[PDB]
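Residue numbers (our numbering), protein chains in the order written: chain H, 1 to 112; chain A, 1001 to 1112; chain U, 2001 to 2330; chain G, 3001 to 3107; chain E, 4001 to 4109.
Written out below as structure tokens is the structure these notes cover.
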Amino acid sequence: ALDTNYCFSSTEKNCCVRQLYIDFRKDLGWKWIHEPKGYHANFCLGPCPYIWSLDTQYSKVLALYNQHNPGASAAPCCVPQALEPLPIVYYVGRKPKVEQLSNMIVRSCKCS
Amino acid sequence: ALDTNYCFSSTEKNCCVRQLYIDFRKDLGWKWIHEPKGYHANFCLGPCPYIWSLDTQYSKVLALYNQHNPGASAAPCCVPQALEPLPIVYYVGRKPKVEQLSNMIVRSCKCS
Amino acid sequence: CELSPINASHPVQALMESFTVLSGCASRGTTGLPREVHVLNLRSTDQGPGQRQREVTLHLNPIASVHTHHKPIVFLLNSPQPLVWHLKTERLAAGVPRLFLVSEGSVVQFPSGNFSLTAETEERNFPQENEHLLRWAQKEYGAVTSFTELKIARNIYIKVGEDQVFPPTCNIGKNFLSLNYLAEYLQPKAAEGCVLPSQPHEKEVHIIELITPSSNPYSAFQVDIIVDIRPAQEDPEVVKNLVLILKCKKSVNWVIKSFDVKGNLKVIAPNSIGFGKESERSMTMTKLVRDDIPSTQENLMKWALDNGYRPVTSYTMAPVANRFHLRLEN
Amino acid sequence: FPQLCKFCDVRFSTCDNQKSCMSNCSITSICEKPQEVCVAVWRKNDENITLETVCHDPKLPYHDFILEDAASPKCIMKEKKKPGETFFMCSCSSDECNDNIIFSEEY
Amino acid sequence: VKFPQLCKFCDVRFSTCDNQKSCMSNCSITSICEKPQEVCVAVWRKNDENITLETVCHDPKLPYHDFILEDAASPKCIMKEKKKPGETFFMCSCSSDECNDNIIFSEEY
């Protein structure tokens, strides 16, 4: 529901996907990747009020508890729901090859 | 492996399931539930470092990013993984009814 | 049972989906030029011409650094065989004129929309040699933004737009592969398996064991092992209860895709499990994770016996694969 | 939002000549239909003090007595004549509104 | 670590840094070696016509260009001159990841 389309379309203070550039060599330390040199791994961030994309019943219960107990520090978190693979090109010996590193790009977020 | 037994056995600074008591009337306002008047809805909490129970590949990528970039605010969050329904007894008119509210109790926590 | 080489009758095939180009070169020397040049040199085999698929499904996208591509593009679609190119464009700008210089006897089935409104297709007589074709393209249009020689595949993904990391001038080499311009090949890999003789049932248990998911010796990273679940025939449809027991010691991300099938589907695998988009979910898929699943042909049967996922319908062990296909007959 | 009410049968308490009391009912429940409202009946007599709180349709009568003021959102004890023992009745349409009985707002 | 080495794996290609103490291979290909036993090898050839630099994932046991390797354990590619007649020849080998990316002829400033 809270896909990249809606989050990038309009700024939302709540749980939404935000753009993030994961640079392989510079950040992850993975020197074995030839292409892409860095990809877009959106990260889920934002508070989850009770009136929002609540998925599980326990999520609703924790949201209600946070609403009625503001000084509790326990609340549902913003986490990826649908993640998409990243195709990369890496060299074995002198032969390049294409791998699909699954679950690397976040397409939507949820409150749980 | 971050079940109730592990976290309840001893303190664990990272992502763990922590004991929490939810009283329906006082906490959630659910005055429609007669029994139980309260239960134990544990909540997941604790930062997720690289060497921990990370489930998907995106979680490991985000953890590596946070490890190489401290001031980043992007990191996997501790979220419920195993949920158990709560047994409740509620009255409709003069008729008692026993129900199992799905996904009300947290037993294990993962990093996402 | 007994493990034997599998045939077409086996319920699980263990295809491998790979992306490869025979040779190629990407050049940035077309930023100054008004029109980009993408050249494809397709190659056929010695098989019968009738058996060769006449249809190609050239996919067009913009590169990852370009949200939408607005620039004239000339596509040189050269192949020693007459072809029909079922184009499929995504995130391409509208109203920019585009040119498709295809080989003689080849037709381009443009998709609907504005794209087909400003697209001119011309059939020509490109040489069947890489160097000659590249020279002809360079002479006609200065510099080629991309050139790729590849086998004739069902799907050919091209990502338009200039990347400045590419060399200034094209230089064809066998050991070149950029993820922009590539093809998609499905190679049926040999595997072992066995089917338990069972009466027709609404409950089916298929155990799939994978030894090596990918050829990279860095097998600490997940790979997508796409599982296709489609019937023997779309009509009549089949409603069933599937229990896929998937096992792979190396970390993978089993992705379950089901088409034209109804019923209840359960997946049990120690690794991650996923599902496709809403168009890919034909059954009520529910995932189930257990890290206790063993990794032998014998122990897996006992695990299914103990856990109640019985009777075991089929078992399939594939030493190397990543595109499992599941054909259900009726 | 179904209405919540106390559905205790006839009980015994010490509510007499008091401005307010508590039903002391341990049963909170949803009535069968949302149209129904919570009704409280007080019928203290020389035998003992009796009271009850149940669900009832606002337009239907209780013991052949019409609850004219059932449309009120709060349970206000109003006197009703009945042979044998004095009658007091109130009704309310909000959620869990019959837990506390208020005889009169005067304080 | 039993993981295969990361080595620059450009074949014979022309460079510009000649006789200088240190240089960068400028090889755009970083490859995981085919076999875990392999180590990175760099070969710098200088001729009166053209200068070339080659980088490979090579087995230390097998001699490259009929020349035996004596520095497979070196953390960095310590470049050593060889006695190929006519043309100037330098070779080095190392076992760190992307170690052949940087070539050092002398540690002195």
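Where is the CB? At the ideal position from N, CA and C, for every residue including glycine.
Apart from sequence neighbours up to five positions away, the residues of its chain that approach U/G2105 with a beta-carbon distance below 6 Å are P2082, ordered along the chain.
A contact is defined here as three or more CB-CB pairs under 8 Å, and the segment 2194-2201 of chain U fails this definition with respect to the segment 2096-2113 of chain U. Straight-line measurement puts the Cα of U/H2325 at about 40 Å from the Cα of E/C4027. When DSSP states are grouped into helix, strand and coil, A/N1103 belongs to the strand group.
Among the CB atoms of chain H, none fall inside 9 Å of the CB of A/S1053.
In the DSSP assignment, G/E3079 falls within the beta strand (DSSP E) that extends over 3078-3080.
At least 9 Å separates the CB of H/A1 from every CB of chain A. Counting along the chain, U/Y2315 sits inside the beta strand (DSSP E) bounded by residues 2314-2320. Secondary structure note for U/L2076: its beta strand (DSSP E) is the uninterrupted segment 2073-2078. A distance of 9 Å or more separates the beta carbons of U/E2209 and U/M2301. The C-beta of U/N2307 comes no closer than 9 Å to any C-beta of chain A. Residue contact with chain A for H/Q57: present (Cβ-Cβ distance below 9 Å to some residue of chain A). Counting only Cβ-Cβ distances below 7 Å, E/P4004 has contacts in chain U at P2217, in chain order. Interface flag for H/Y50 against chain U is unset, since no Cβ pair is found closer than 9 Å. For U/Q2222, the nearest CB of chain A lies under 9 Å from its own CB, placing it at the interface with that chain. Along the segment 2179-2205 of chain U, the positions whose C-beta sits under 8 Å from a C-beta of chain H are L2179, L2182, read in chain order. Listed in chain order, the positions of the segment 2265-2291 of chain U with a beta carbon within less than 8 Å of a beta carbon of chain H are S2272, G2274. In this structure, the CA atom of E/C4010 is about 13 Å from the CA atom of E/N4102. Shown here for G/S3094: same chain residues with a beta carbon closer than 6 Å to its own, the five before and five after excluded, namely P3073 in chain order.
Secondary structure note for U/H2038: its beta strand (DSSP E) is the uninterrupted segment 2036-2043. Note on geometry: alpha-carbon atoms of U/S2044 and H/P87 lie some 26 Å from one another. For U/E2120, the secondary structure class from DSSP, reduced to helix, strand or coil, is strand.
About 5 Å separates the CB atoms of U/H2086 and U/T2057; that is less than 8 Å, so the two are in contact. Within the segment 3016-3043 of chain G, no complete alpha helix (DSSP H) segment of 4 residues or longer occurs. Closest in C-alpha terms to H/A75, from the list H/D23, H/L83, H/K31, H/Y58, comes H/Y58.
Among the CB atoms of chain E, one or more fall inside 9 Å of the CB of H/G93. According to DSSP, residue pairing for A/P1085 in a beta bridge does not occur. Taking 9 Å as the threshold, the shortest C-beta distance from H/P96 to chain E falls below it. Using a CB distance cut-off of 9 Å, H/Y65 counts as an interface residue toward chain A. Residues of chain E with a Cβ closer than 7 Å to the Cβ of H/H34 are, in chain order, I4029, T4030. For E/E4098, the nearest beta carbon of chain H is closer than 9 Å to its own beta carbon. Look at U/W2254 here: in three-state DSSP terms it is strand.
The Cβ-Cβ distance between U/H2206 and U/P2011 falls below 9 Å. Look at the beta carbons and you see the segment 2223-2236 of chain U touching the segment 2251-2258 of chain U: at least three pairs across the two are nearer than 8 Å. The Cβ atoms of G/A3040 and G/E3052 lie closer than 9 Å to each other. Bounds of the beta strand (DSSP E) holding U/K2240 are 2238-2248.
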